[PDB]
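One structure is given below, encoded as structure tokens.
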Amino acid sequence: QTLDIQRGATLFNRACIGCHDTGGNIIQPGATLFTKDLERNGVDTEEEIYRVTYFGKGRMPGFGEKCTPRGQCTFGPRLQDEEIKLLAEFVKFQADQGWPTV
Amino acid sequence: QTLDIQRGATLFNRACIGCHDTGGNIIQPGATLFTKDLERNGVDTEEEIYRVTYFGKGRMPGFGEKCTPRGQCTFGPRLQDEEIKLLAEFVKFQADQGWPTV
Amino acid sequence: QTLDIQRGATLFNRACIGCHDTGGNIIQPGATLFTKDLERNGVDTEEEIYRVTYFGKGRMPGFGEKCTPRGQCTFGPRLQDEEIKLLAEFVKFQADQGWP
Amino acid sequence: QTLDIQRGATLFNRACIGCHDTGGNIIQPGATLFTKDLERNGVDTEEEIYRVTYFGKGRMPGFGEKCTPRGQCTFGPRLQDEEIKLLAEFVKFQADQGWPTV
Ligand code: HEM
Ligand code: HEM
Ligand code: HEM
Ligand code: HEM
Ligand SMILES: [Zn+2]
Ligand SMILES: [Zn+2]
């Protein structure tokens, strides 16, 4: 694996596995991180995955510095842009590969 | 495919295709960009792939800004650090995947 | 100056100076790279500057690899994502500075 | 303000502000982040700022993931290469500009 994927996995385990363990979605059926769901929901481009991660979507909190208002955003520390870039890259790679173990 | 692999492919097709088209090595045997040869030669980490690309190695010219001496380095445009970073990522990932078309 | 500014300037002097010398606009009045024009045209943020540079806007050619269609895009080589990032950074910096 | 300076400010306010608030230096005289001191100490290029941040210097710990030896490096969380790049950019810019606000 590459350094970017390794870092992506580390960030994912820190920030995302509460709701998306093994690529799933414990809150919203049909909105997993697998390719078919990403496509159905219009979040299949890496750019859109970044946007969803930064700003949030529906009941998902955004993680970006400038996510707003605070109720739409993570209770925890905001992630840096580069971290969100790596997370979007990780989700795109994982979806392309059918979610190999992280 | 991720954006990073697309970006790396663009760079690879410009800078590396002279000797390493399709992951091979036209100059000498046993030094392709396939896993077995990277492992054989001890150039199997992104850090080392970066180093070889930056500074050169034997009959391979270096592409880094501070590649020296001149004789060991490309006489074309030198690549930026981020470009070589992308190239190291590209080679590592492509080696892992057995060099599929991008 | 920083490495990013230096690289941004190098890229600008190759790809942009023809139409935007000293932050101006040789084709379109009211659409210079100065702060007030950028704001008036809704190209206020660095993210929007990147979008415009990548995809183009009318007689402004797009420089990104996926700019489309061809007639909307530079006739020269497409610029890399990182290059367009540096260009948006350069233009934002220069606009903030008032193009000295 | 550019995105990069904002990203650098965020990192600075987490890792550096405790000793270098306002571009100063609380530990010892004559080693602030102002141009005059950077030039005097030979830490005036962006590359040298990066190196000092990564590896440390005198009483300053290094923050790089691969900083050595152990005693010259932070015992707290280490920074990623991209974070140190943004920090070096931030310091170089702020020094060039005479440490204006934000
Ligand atoms: C961790 C930083 C994190 C990432 C990365 C992430 C990504 C992500 C994507 C790409 C989607 C779109 C899925 C689709 O099929 O359309 C998505 C959607 C939802 N998420 Fe998420 N998500 C991360 C973090 C979290 C956390 C910690 C939670 C739980 C609190 C969470 C929840 C959700 C929910 C709900 C959705 C569905 C949104 C909708 O379309 O209604 N996410 N996430
Ligand atoms: C393009 C910038 C480029 C990259 C990237 C690249 C990578 C690379 C690697 C990772 C190796 C190690 C391979 C191994 O099995 O050990 C490697 C090695 C050699 N290369 Fe290369 N290389 C790039 C560019 C070029 C070009 C343009 C040439 C031809 C002039 C070239 C040639 C070689 C040679 C020879 C080696 C073997 C070096 C040695 O072990 O002595 N490379 N390259
Ligand atoms: C070089 C890569 C380049 C950059 C960078 C760039 C930027 C840019 C911006 C940010 C705008 C918006 C300005 C505003 O006030 O709204 C803008 C607009 C126009 N440009 Fe441009 N541009 C670059 C390259 C070029 C080149 C080479 C030309 C000339 C062929 C050109 C022209 C124009 C035109 C016309 C506009 C106005 C678009 C509109 O609002 O109708 N640009 N550019
Ligand atoms: C935050 C990660 C951080 C940065 C960035 C940073 C930079 C930095 C530079 C560029 C210098 C050179 C200054 C000069 O005038 O030559 C420098 C020097 C020192 N610093 Fe630093 N530094 C960061 C973090 C910290 C922290 C958290 C402390 C306090 C524990 C600290 C202290 C020092 C000291 C002491 C020096 C002087 C080194 C020397 O020349 O002997 N730094 N720093
Ligand atoms: Zn990557
Ligand atoms: Zn920058």
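Residue numbers (the authors' numbering), protein chains in the order written: chain C, 71 to 172; chain A, 71 to 172; chain D, 71 to 170; chain B, 71 to 172.
For each residue, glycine too, the CB sits at the ideal point set by N, CA and C.
For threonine 80(B), the closest Cβ of chain C is nearer than 9 Å. Using a Cβ-Cβ cut-off of 9 Å, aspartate 74(C) is close to nothing in chain B; its nearest Cβ partner there is about 11 Å away. In the same chain as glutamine 164(C), and ignoring 5 residues on each side of it, the C-beta atoms closer than 8 Å to its own belong to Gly93, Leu103, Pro170, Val172, in chain order. A check of alpha carbon separations from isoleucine 75(C) across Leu157(C), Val122(C), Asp166(C) identifies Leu157(C) as the nearest. Every residue with a CB closer than 6 Å to a heavy atom of ligand 6 is listed here in chain order: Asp74(D), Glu159(D), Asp74(B), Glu159(B). The bridge partners DSSP lists for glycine 78(B) come to none. Not one heavy atom of ligand 3 sits closer than 8 Å to the Cβ of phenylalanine 163(D). Near ligand 4, meaning a beta-carbon closer than 6 Å to one of its heavy atoms, we find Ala85(B), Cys86(B), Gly88(B), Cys89(B), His90(B), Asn95(B), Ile97(B), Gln98(B), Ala101(B), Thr102(B), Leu103(B), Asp107(B), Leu108(B), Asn111(B), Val113(B), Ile119(B), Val122(B), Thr123(B), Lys127(B), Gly128(B), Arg129(B), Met130(B), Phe133(B), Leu157(B), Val161(B).
For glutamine 150(C), no CB of chain A lies under 9 Å from its own CB, so it is not counted at the interface with that chain. Put simply, the CB of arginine 140(B) is far from chain C, with every gap to its CB atoms at 9 Å or more. Ligand 1 approaches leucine 81(C) closely enough that one of its heavy atoms is under 8 Å from the residue's Cβ. Note that the C-beta distance between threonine 144(A) and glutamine 150(D) is not below 9 Å. Under the three-state reduction of DSSP output, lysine 136(B) falls in the coil class, being neither helix nor strand. For ligand 3, a non-hydrogen atom lies closer than 8 Å to the CB of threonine 144(D). Interface residue (Cβ-Cβ distance to chain B less than 9 Å): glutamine 98(D) is not classified as such. Look at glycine 88(B) here: in three-state DSSP terms it is helix. In this structure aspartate 166(C) is exposed. Its beta-carbon is surrounded by fewer than 16 other beta-carbon atoms within 10 angstroms. Rounded to whole angstroms, the Cβ separation of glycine 134(A) and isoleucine 154(A) is 6 Å, and the two are in contact under 8 Å.
Within chain B, the C-beta atoms nearer than 7 Å to that of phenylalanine 163(D) come from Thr72, in chain order. For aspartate 166(A), the nearest CB of chain C lies under 9 Å from its own CB, placing it at the interface with that chain. Here the distance from the Cβ of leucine 149(A) to the nearest heavy atom of ligand 3 is not below 8 Å. A straight-line Cα-Cα distance of about 10 Å links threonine 105(B) and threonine 115(B). Between the alpha carbons of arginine 148(A) and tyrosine 124(C) lies a distance of about 35 Å.
In the same chain as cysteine 89(D), and ignoring 5 residues on each side of it, the C-beta atoms closer than 7 Å to its own belong to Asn95, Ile96, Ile97, in chain order.
At the C-beta level, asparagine 111(A) and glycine 100(A) come within 9 Å of one another. Residue pairing of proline 131(B) in beta bridges, as defined by DSSP: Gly126(B). Not one beta carbon of chain B lies nearer than 9 Å to the beta carbon of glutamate 153(D). Here the C-alpha atom of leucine 108(B) lies approximately 22 Å from the C-alpha atom of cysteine 137(B).
If you draw a 10 Å sphere on the C-beta of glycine 78(C), you find 16 or more other C-beta atoms in it, and that means buried.
Take the alpha-carbon of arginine 129(A) and the one of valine 122(A): they are about 11 Å apart.
Nothing from the region 110-128 of chain D brings a Cβ to less than 7 Å from some Cβ of chain A. By the neighbour-count criterion, in which a residue is buried when 16 or more other Cβ atoms sit within 10 angstroms of its Cβ, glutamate 159(A) is buried. At least one heavy atom of ligand 5 is found less than 8 Å from the C-beta of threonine 72(C). For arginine 77(C), the nearest CB of chain B lies under 9 Å from its own CB, placing it at the interface with that chain. The beta-carbon separation of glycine 132(D) and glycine 126(D), rounded to 3 Å, stays under the 8 Å limit for a contact.
The beta carbon of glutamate 135(D) falls within 9 Å of a beta carbon belonging to chain A, placing the residue at that interface.
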